[PDB]
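Engineer: For now just these chains, pulled out of the complex without moving them:
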Amino acid sequence: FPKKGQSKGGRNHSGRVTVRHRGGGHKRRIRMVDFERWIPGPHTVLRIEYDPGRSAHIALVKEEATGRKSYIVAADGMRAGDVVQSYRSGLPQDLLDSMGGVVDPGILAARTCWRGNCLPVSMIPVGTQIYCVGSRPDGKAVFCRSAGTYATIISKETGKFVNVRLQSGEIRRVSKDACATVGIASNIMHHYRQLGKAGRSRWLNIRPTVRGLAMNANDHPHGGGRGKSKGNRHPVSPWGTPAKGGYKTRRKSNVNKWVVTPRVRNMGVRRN
Amino acid sequence: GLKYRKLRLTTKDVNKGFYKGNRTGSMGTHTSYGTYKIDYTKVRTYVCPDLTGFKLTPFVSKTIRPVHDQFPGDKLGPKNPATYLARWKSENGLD
């Protein structure tokens, strides 16, 4: 469906700019991507398409049972013709009766832990790389949907949760029935591209960014002064929020009860 | 504009979809492709009788001086519903 309106320029329903540096890009259409994948059965990848409003690539799959087509985030290496299946709505009969037992942790992983297959995080063995990690038992995928991102399974519990390490390095507690696609998000070379010119940024709906030092004392805490002057003022946003030093913008009353090992803060040190 | 802009806008001043009728009446309905089908149940006709042999003219000779009707003792002289009913009995009783 088309992506049009004043929201493309960074305006909310009031009409004022709530997101700076937006507007004027190319005309786009939104692609309805499936992040739940409840319908079971084999799905044939028809083609790997390019999504403008996404970092990774989307694959147009086709349900061989009904013929319905849908979009899904393509995995690193997934090509046309590959067969994917979602075991989120339970295991099929043919696969369940083969082993005969109630559950065979060995053979199930050998036949279902394939690239592009969506399974509950519990059915995936430890050490597997996934890129559509869910949060709730019946919620869509929310983590590692960007290009080149993935997550590993640290440990499993009898328990209702499983631990996974996200792209940021945060080991957090995830539900047991949370969905997860095996593999890595395609387009792993996205963070290496270079636009080359200012005009290419204007096509992507990015408008110029004016620095606080370039403004007057009336519209920024950094404005004012003769010549180039920071003003002995600690870096802040136009509204007084510290822009450096480690000030966390997460609400204190909203404690993350799913965090096992928090991220490793760099603390302003240089990486390279 | 300075002053003509302050007059009442008419159909002879603008063309960008500005329509304004002259209260001529609705004679049909518009179609979905821009036509008009006339509903003759709304069209009006003029019932003009046969004037052949009619002797009355719109003027009366001034020799016949004007004289108003008199209704002594009756406040609603000409509009009296009783003198109309009583007069009806003698003149025309059937209808």
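Structural biologist: Yep, it's here. Numbering: from 1, shown residues only, chains lettered A, B, ... in the order given.

Engineer: Pretty sure residue A:235 sits against residue A:242.
Structural biologist: Yes: using Cβ atoms under 8 Å, residue A:235 is in contact with residue A:242, at 6.8 Å. (Each C-beta comes from the backbone N, C-alpha and C, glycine too.)

Engineer: Counting neighbours, what do you get for residue 59?
Structural biologist: Just going to use chain A. When counting by other Cβ atoms under 10 Å in any protein chain shown, one arrives at 25 neighbours for residue A:59.

Engineer: meant chain B, my bad for not saying
Structural biologist: 6.

Engineer: roughly how far apart are it and residue B:69?
Structural biologist: Using Cβ to Cβ, to the nearest Å, we find residue B:59 at a distance of 20 Å from residue B:69.

Engineer: repeat for residue B:3
Structural biologist: Taking Cβ to Cβ, one finds residue B:3 at 57 Å from residue B:69.

Engineer: mind listing the strands for chain B?
Structural biologist: With DSSP state E as the criterion, chain B has strands at B:28-30, B:36-38.

Engineer: Can you check which of those gets nearest to residue A:135?
Structural biologist: Residue A:135 sits nearest to strand B:28-30 of all the strands of chain B, at 55.7 Å, using Cβ to Cβ.

Engineer: just to revisit the earlier point, need the strands of chain B in CSV (columns: distance to residue A:268).
Structural biologist: Listed next are the strands of chain B as CSV, based on distance: least, Cβ to Cβ, whole Å:
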stretch, distance to residue A:268
strand B:28-30, 72
strand B:36-38, 77
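
Engineer: could I get those as CSV with distance to residue A:144 and mean neighbour count?
Structural biologist: Shown next, in CSV, are these (distance: least, Cβ to Cβ, whole Å; neighbours: other Cβ atoms under 10 Å in any protein chain shown):
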stretch, distance to residue A:144, mean neighbour count
strand B:28-30, 58, 12
strand B:36-38, 63, 10
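
Engineer: Check which helices and strands the longest strand seen in chain A is in contact with.
Structural biologist: Secondary structure of chain A per DSSP E: the longest strand is strand A:42-50. Packing partners of strand A:42-50 (3 or more Cβ pairs under 8 Å, 6 or more residues apart in numbering or on different chains; DSSP states H and E): strand A:57-63, strand A:69-73, strand A:83-85.

Engineer: Now distance to residue A:269 too, for these, in CSV please.
Structural biologist: Formatted as CSV, the helices and strands packed on strand A:42-50 follow (distance: least, Cβ to Cβ, whole Å):
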stretch, distance to residue A:269
strand A:57-63, 35
strand A:69-73, 34
strand A:83-85, 42
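
Engineer: following sequence is chain C, add it:
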Amino acid sequence: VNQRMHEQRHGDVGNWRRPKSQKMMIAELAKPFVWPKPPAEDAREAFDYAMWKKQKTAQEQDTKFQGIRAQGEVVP
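Structural biologist: One more piece, chain C, placed on the ones above:
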């Protein structure tokens, strides 16, 4: 429809308004019809064309004298 010139209520005083428009209709007759020709100027005596012509010229000149004054001039 024929429009009318906007005018002031009292000629040269009052608010600016516009009279009601005029509507003319042209019927395509099935039988032809021809109008008579106007009488010659020397045959309009039944309408007092002689006196009416003098009064018209008198009013005709009065409107020309006012037009010269409206331009900021005077007849030498």
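
Engineer: one step back: got the buried residues for the longest strand of chain A?
Structural biologist: By 16 or more other Cβ atoms under 10 Å in any protein chain shown, the buried positions in strand A:42-50 come out as A:43, A:45, A:48.

Engineer: any idea how far the closest residue to the first one other than its chain neighbours is from chain C?
Structural biologist: What that stands for is residue A:43. Distances taken as Cβ to Cβ, 6 or more residues apart in numbering or on different chains place residue A:61 nearest to residue A:43, at 4.0 Å, with adjacent residues excluded. According to Cβ to the nearest Cβ, to the nearest Å, residue A:61 and chain C sit 65 Å apart.

Engineer: for residue A:69, same thing?
Structural biologist: 60 Å.

Engineer: Bridge partners for the nearest residue to that residue once chain neighbours are set aside, pull those for me.
Structural biologist: In this structure, residue A:69 finds its nearest non-sequential neighbour in residue A:62, 5.1 Å apart by Cβ to Cβ, 6+ apart. Note on residue A:62: beta-bridge partners by DSSP bridges are residue A:44, residue A:69.

Engineer: Go ahead and confirm residue A:62 touches residue A:41.
Structural biologist: No: taking contacts as Cβ under 8 Å, residue A:62 lies outside contact range of residue A:41: 10.7 Å.

Engineer: okay, the two: which has more neighbours?
Structural biologist: Between residue A:62 and residue A:41, residue A:62 has the larger neighbour count (other Cβ under 10 Å), namely 16 against 12.

Engineer: can you pull the contacts of that one?
Structural biologist: Residue A:62 is in contact with A:43, A:44, A:46, A:68, A:69, counting by Cβ atoms under 8 Å, 6 or more residues apart in numbering or on different chains.

Engineer: Turn those into a markdown table, columns for distance to residue A:6.
Structural biologist: Converted to a markdown table, the contacts of residue A:62 look like this (distance: Cβ to Cβ, whole Å):
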| residue | distance to residue A:6 |
| --- | --- |
| A:43 | 38 |
| A:44 | 40 |
| A:46 | 35 |
| A:68 | 34 |
| A:69 | 32 |
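
Engineer: Go through those and name the one nearest residue A:134.
Structural biologist: So of the contacts of residue A:62, ranked by how close each gets to residue A:134 (Cβ to Cβ), first place is residue A:43, at 18.4 Å.

Engineer: Hmm, residue A:82 and the closest one touching each other?
Structural biologist: No: between residue A:43 and residue A:82 there is no contact under Cβ under 8 Å: 9.4 Å.

Engineer: with the structure above as the base, add chain D:
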Amino acid sequence: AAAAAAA
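Structural biologist: Putting chain D onto the chains we already have gives this:
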């Protein structure tokens, strides 16, 4: 305006 100014 006037350009002559004894600034």
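
Engineer: try the neighbour count of residue A:59 again now we have chain D.
Structural biologist: By the criterion of other Cβ under 10 Å, residue A:59 has 25 neighbours.

Engineer: With the flanking residues excluded, which residue is spatially nearest to it?
Structural biologist: That would be residue A:74: by Cβ to Cβ, 6+ apart, it lies 4.0 Å from residue A:59.

Engineer: and what of residue A:77?
Structural biologist: residue A:115 (6.6 Å).

Engineer: Can you list phi and psi of that neighbour for me?
Structural biologist: With angles defined as degrees, to the nearest 10, residue A:115 sits at phi -60, psi 130.

Engineer: Hmm, it is touching residue A:75, no?
Structural biologist: Yes: taking Cβ under 8 Å as the definition, residue A:115 is a contact partner of residue A:75 at 5.2 Å.

Engineer: of those two, who's got more company?
Structural biologist: Using other Cβ under 10 Å as the criterion, residue A:115 and residue A:75 rank with residue A:75 on top: 29 against 15.

Engineer: OK, contacts around the residue nearest to residue A:59?
Structural biologist: Neighbouring residues of residue A:74 by Cβ under 8 Å, 6+ apart: A:45, A:48, A:56, A:57, A:58, A:59, A:116, A:185, A:186.

Engineer: For the second one, which residues are in contact?
Structural biologist: In other words, residue A:48. Applying Cβ under 8 Å, 6+ apart to residue A:48 gives the contacts A:57, A:58, A:59, A:60, A:74, A:78, A:79, A:80, A:186.

Engineer: Need the max-distance pair from the contacts of residue A:74.
Structural biologist: A:45 and A:185 (15.2 Å).

Engineer: before we move on, back to that, which residues do residue A:115 and residue A:75 both contact?
Structural biologist: By Cβ under 8 Å, 6+ apart, the residues touching both residue A:115 and residue A:75 are A:182, A:183.

Engineer: the strands in chain C, which residues?
Structural biologist: Counting by DSSP E, the segments of chain C that form strands are C:7-8, C:16-17.

Engineer: Which one, of these, ends up nearest to residue A:247?
Structural biologist: Nearest of these (Cβ to Cβ): strand C:16-17, 66.9 Å.

Engineer: Does chain B have contacts with the closest one?
Structural biologist: Yes: Strand C:16-17 lies within reach of chain B by Cβ under 8 Å from any Cβ of the partner chain, at residue C:16.

Engineer: still on that earlier bit, save the strands of chain C as JSON lines, and put in distance to residue A:210 and mean neighbour count too.
Structural biologist: Shown next, in JSON lines, are the strands of chain C (distance: least, Cβ to Cβ, whole Å; neighbours: other Cβ under 10 Å):
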{"stretch": "strand C:7-8", "distance to residue A:210": "57", "mean neighbour count": "12"}
{"stretch": "strand C:16-17", "distance to residue A:210": "51", "mean neighbour count": "12"}
